[PDB]
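[1] Following this: a sequence and the matching experimental structure.
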Amino acid sequence: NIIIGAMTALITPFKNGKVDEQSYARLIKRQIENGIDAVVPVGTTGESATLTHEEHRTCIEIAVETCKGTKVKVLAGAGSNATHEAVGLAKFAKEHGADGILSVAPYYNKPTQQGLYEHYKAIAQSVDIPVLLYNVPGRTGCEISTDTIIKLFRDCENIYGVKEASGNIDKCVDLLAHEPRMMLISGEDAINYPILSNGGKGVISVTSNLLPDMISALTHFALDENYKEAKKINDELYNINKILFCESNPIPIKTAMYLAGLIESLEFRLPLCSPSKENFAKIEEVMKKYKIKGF
Amino acid sequence: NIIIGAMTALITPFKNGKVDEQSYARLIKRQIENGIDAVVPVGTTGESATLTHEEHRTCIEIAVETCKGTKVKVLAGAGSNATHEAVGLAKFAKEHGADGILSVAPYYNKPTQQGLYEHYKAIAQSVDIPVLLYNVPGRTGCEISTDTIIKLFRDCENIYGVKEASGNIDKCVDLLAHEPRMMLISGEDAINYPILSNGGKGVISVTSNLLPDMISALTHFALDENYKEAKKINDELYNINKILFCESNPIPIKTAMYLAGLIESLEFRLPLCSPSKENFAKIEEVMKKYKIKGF
Amino acid sequence: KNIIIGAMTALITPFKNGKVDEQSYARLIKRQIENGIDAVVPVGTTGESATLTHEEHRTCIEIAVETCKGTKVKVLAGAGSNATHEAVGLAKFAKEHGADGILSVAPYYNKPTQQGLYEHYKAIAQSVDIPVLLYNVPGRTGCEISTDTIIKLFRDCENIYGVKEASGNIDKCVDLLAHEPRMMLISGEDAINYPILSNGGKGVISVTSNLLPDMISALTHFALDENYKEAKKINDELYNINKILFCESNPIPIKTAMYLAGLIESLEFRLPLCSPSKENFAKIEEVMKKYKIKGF
Amino acid sequence: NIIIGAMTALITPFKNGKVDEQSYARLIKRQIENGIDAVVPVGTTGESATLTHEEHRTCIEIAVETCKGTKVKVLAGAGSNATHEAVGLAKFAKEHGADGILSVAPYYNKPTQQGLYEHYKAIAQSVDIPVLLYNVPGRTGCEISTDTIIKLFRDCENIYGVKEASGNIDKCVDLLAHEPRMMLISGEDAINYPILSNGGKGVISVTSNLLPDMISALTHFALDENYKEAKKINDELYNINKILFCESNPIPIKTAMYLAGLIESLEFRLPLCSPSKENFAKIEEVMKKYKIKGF
Ligand SMILES: N[C@@H](CCCC[NH3+])C(=O)O
Ligand SMILES: N[C@@H](CCCC[NH3+])C(=O)O
Ligand SMILES: N[C@@H](CCCC[NH3+])C(=O)O
Ligand SMILES: N[C@@H](CCCC[NH3+])C(=O)O
């Protein structure tokens, strides 16, 4: 059981410091109507760090409910650097109708490979829905090694692949060569096409928040082996794909969504904050080059 | 007001998955009686990541109370990657008698330097006790730049320095060359001496959990500029210091405390776990060279 | 621009008793020619450019040029140096001795600024009228030719026609061709031949092709023909050898493989290069068993 | 047999593209008259890369000749990424009266530890003068492991230590902890003091080209255990120490020597070239803070 294809790491819109739940539902519906295959509530892009556990839960529920009666899957953000917390989130997602969970490598405490293994095993054994690993060492301070990922995929029935955001093409090659059953998911927008053309089966995208049609089309073109068309969109997207990381994600994507009139308010929770006026200008300029779907 | 000198990042003993509160109190007593100037409850070494906010709060209470009627100060771990969580921990520490707080840079969500400034300013403005910044980019995925550290030190009266755990002596020179009024504290036992010998004013040690008398002496000898004697102790500590990081802290230190009979069970919270058998054996071997004080 | 693209081999330089084995070298090149290779690269990194003297370097270029004469196979001569006066000297030699083009690695060790890189390659490009392919390998040189610098050189210098990327940076490969799709992007790492080719790259300068020229050539031409199913088939078959051929710094594993296959007489390097560990030696030997290795 | 103390990695002046041999001798005399213990002709700082073998040998001879009768030693730059070239240079230097050689780790071709061991062994066995290893992975793309350095020091009588330029204080601790008989030499001006206060026995300096009296003083104050003074100079020197690397060495140091009127023209050999105007401005600005000795 797997979750693949074009997916969106949903931004979490705030209004006066709280999640704007109507806005959230509306943004999710906008994803659905633009051909997206799955949404990821409360990943990194959704400011998982600054949402309380109960708000985190509410967002997951809104995604499930908004996606009900549609083919769009909900891959709920359920990671934590504490296994008991990650287990709690995983169980909740399962109990509340999520289709799978995305579970980021523990940040800050730098577990050993053995610890990572037990972390994810405890999580995968706690629910019967697909678990996607999520490697992003630049943020977590640790890496799930290729051996650990493969071992987890083989030992745990529900662990089905990994979202890679380690900027390491070679590891991606290794993963699929040793374990071609696993689903490699691009966590790096700029190289969506190369990852897909090289055996990856989906993306969890930041850019698709703004340009869901473009990211969905890219992903589907590639899965269909229409590489020319997929490369073409990837090339077109390169500028925005890079600019959306001029400051730590999701600062730029939220800024663009606001500039586009897709969210009412440009609000973060500290320590995240508005970009510098210079990057605000930079984001505004790149944005003009693209056609941005409305509601 | 400041909190400097020899300081111990207290490990957090678990018994059957719960904080062993009597053991915790006993360990702190032991530190007090071995010349330590301050104890740091629930820092990284205390597994801040896997304690609930309640357990976290309980550990701060145990420390404050245990140190009552002594010279020994409590520098409460109060960091978080969410500013609202960090403010609550700071306020709690203040309201419950902690002498100051240690506040680690936001991990995982990678805030901008502007975000780090606002994060720490909000924390500093919420309490009137001393605030020590804490820089450990290997763990957080971000660095508080020297400029940001200095601006915060200057702009906020209660922010009085930084614990550096970045293994970057160039930066330590940079901080004190440009702003020698701040209290630079070593957050890595391996370079306590380099930092102390460059005008650092203390340590927040891991090694001092096992050898509080050695770390204390080392620190006071250096503070007295008796570098002959300081380096003498530091050279003696080389082996233990090195082995206490063969796996991510606090895996080795807890393993050592257990071998030394100072804690009842070798228990961690996932994703942390016991060291490899090989490292367990190495740690045990290294400890033989040292005189480990009991209670 | 005139170009040199397609399937290319970064020729090993065989030594016997510490000296260049010129007969073996020529024989190895003829084998490449007979296996569908589009061009050969004498005295690149894989050919131990660093430890050949200037006169040996030049002999190897001459042997490659003369051996390829009367065939379709082009010679893209190694002519890089971290000293511009040496690089220009090698470039002029290559040009005057009939090489079809040159490959010129970014200056290593002295870490020039981007302006310096631009001046370095501009001087090289002005000194000859043959194609120049830039060569970026920051892991080795301690410097990177920025995407901006590459594109500027490509556009400003008539004969600079592309770059061999050996950086394991697919993002950079997208950057290059997204902004300047006229340039020839050439893979300089076998492990990412396919990623680069499938992104519009126009060739490879291969280590693996020393041992398996027929496979690398077919892989490249399938991909160039947009026959991605067949190209992928081959690339997948190649995984094991590609991986093991970098268990130690290239060309330590490739020469070991060439020796084990009886294609070179002695397993000899010039220091500081040396034999792989016995364990890696054994691993290489095992991995080769799975492959059909063409003889002479 | 060892070469330690305050040493200078000499710049090589050009005039109309040729080595300015008179200027070179003059600069060497200036070092000698300012308390320097040894000079290093044709290291990285002396643009080893772009000198011919014949020019490289000429510079070595000039250094030996100018130092003759003085007690100042010549630690000749004899490094190469080709063992036969490094041997050639080593032999030339021994035969022409150099006191020892500095031999950088092979750059570009990334030899294995075994290869590095054999490289250095061949060099050490080619001559009977002291050989100092030189680790600068940022420039070479390889590292001489701690283990390899210790083996070489132990196995070869004339290999007496290493100049470290890897900004890794921890390795410096490891090296002296396992092998306290070796001479650790600072190849990183900004942290000369920390290295010396932690067991180092000398510096091979870029800054000393410009401020030989201050580098000499700092080194000797430290070797005589006057850490207060040594640190003082180190702190003062921080700005020039840092600005001297705003662009790749020796671009900034040559710019500064020219600004000080110590060389006739700001000339490099490509691919090195003049710094940017902005950086020129920065260097000129920082220099005003210092009293620069003339001839
Ligand atoms: N800020 C903490 C708790 C978040 C819990 C709810 N998502 C963390 O990032 O792990
Ligand atoms: N695991 C979360 C929650 C910590 C709760 C307070 N100790 C974090 O590390 O931020
Ligand atoms: N070993 C030197 C000289 C090479 C001579 C020509 N191959 C270098 O790597 O640049
Ligand atoms: N440029 C070559 C040759 C140097 C010749 C001796 N100084 C190198 O850096 O190795």
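    Ah, there it is. Numbers count the residues shown, from 1 in each chain, chains lettered A, B, ... in the order given. Ligands and ions are numbered 1, 2, ... in the order given.
[2] Hmm, residue A:292 is touching residue A:260, no?
    Yes. With contact defined as Cβ atoms under 8 Å, residue A:292 and residue A:260 form a contacting pair (5.0 Å). All C-beta atoms are positioned from the backbone trio N, CA, C, and that covers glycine.
[3] what's the overlap in contacts for those two?
    Shared contacts of residue A:292 and residue A:260 (Cβ atoms under 8 Å, 6 or more residues apart in numbering or on different chains): residue A:210.
[4] give me the element residue A:162 is part of.
    Using DSSP states H and E, the element containing residue A:162 is strand A:159-164.
[5] Residue A:123 now?
    helix A:113-126.
[6] what about that helix and chain B, any contact?
    Yes. Interface with chain B: helix A:113-126 contributes A:114-116, A:118-119, A:122 (Cβ under 8 Å from any Cβ of the partner chain).
[7] Determine the three-state secondary structure at the residue lying closest to residue A:287 once chain neighbours are set aside.
    Nearest residue to residue A:287 in three dimensions, chain neighbours excluded: residue A:256, at 5.6 Å (Cβ to Cβ, 6 or more residues apart in numbering or on different chains). Three-state assignment for residue A:256 (DSSP: H, G, I helix; E, B strand; the rest coil): helix.
[8] Tell me the gap between the strand holding residue A:162 and the middle of its chain.
    Centroid separation for strand A:159-164 versus its chain: 12 Å, with Cα atoms, centre = their mean, to the nearest Å.
[9] That strand vs helix A:113-126, what angle?
    Orientation note: strand A:159-164 sits at an angle of 130 degrees relative to helix A:113-126 (axes from the mean of the first three to the mean of the last three Cα atoms, to 10 degrees).
[10] So what are the sheet partners of strand A:159-164 and their directions?
    Its sheet considered, strand A:159-164 pairs with strand A:131-135 (parallel), strand A:183-186 (parallel) by DSSP bridges.
[11] okay, these, which one's buried deepest?
    For the strands paired with strand A:159-164, average neighbour numbers computed from mean count of other Cβ atoms under 10 Å in any protein chain shown are highest in strand A:131-135, which has a mean of 27.
[12] CA atoms only for that strand, dumped as CSV, please.
    Provided in CSV are the C-alpha atoms of strand A:131-135 (Å, rounded to 0.1, in the frame of the first residue of the first chain):
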residue,chain,number,x,y,z
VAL,A,131,4.5,5.3,6.5
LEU,A,132,6.8,7.4,4.3
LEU,A,133,10.3,8.1,5.8
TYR,A,134,11.6,11.7,5.4
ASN,A,135,15.3,12.4,5.2
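[13] Pull the next helix or strand after that strand out as CSV, backbone CA atoms only.
    Using DSSP H and E, the next helix or strand after strand A:131-135 towards the C-terminus is helix A:137-140. C-alpha atoms of helix A:137-140 as CSV (Å, rounded to 0.1, in the frame of the first residue of the first chain):
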residue,chain,number,x,y,z
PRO,A,137,19.7,16.2,7.3
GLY,A,138,20.2,19.9,6.7
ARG,A,139,17.3,20.4,9.1
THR,A,140,17.4,17.5,11.4
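[14] centre of the chain versus helix A:137-140, how much separation?
    That offset, for helix A:137-140, works out to 15 Å (Cα atoms, centre = their mean).
[15] Which secondary structure elements does it sit against?
    Using 3 or more Cβ pairs under 8 Å, 6 or more residues apart in numbering or on different chains; DSSP states H and E, no helix or strand is in contact with helix A:137-140.
[16] That one vs ligand 1: in contact?
    No. On the criterion Cβ under 6 Å from any ligand atom, helix A:137-140 is out of touch with ligand 1, staying 10.9 Å away.
[17] ok, and what's touching that helix?
    For helix A:137-140, the external contacting residues (Cβ under 8 Å, 6+ apart) are A:44, A:81, A:104-108, A:143, A:165-167, B:108-110, B:141.
[18] Right, I'll call it a day here.
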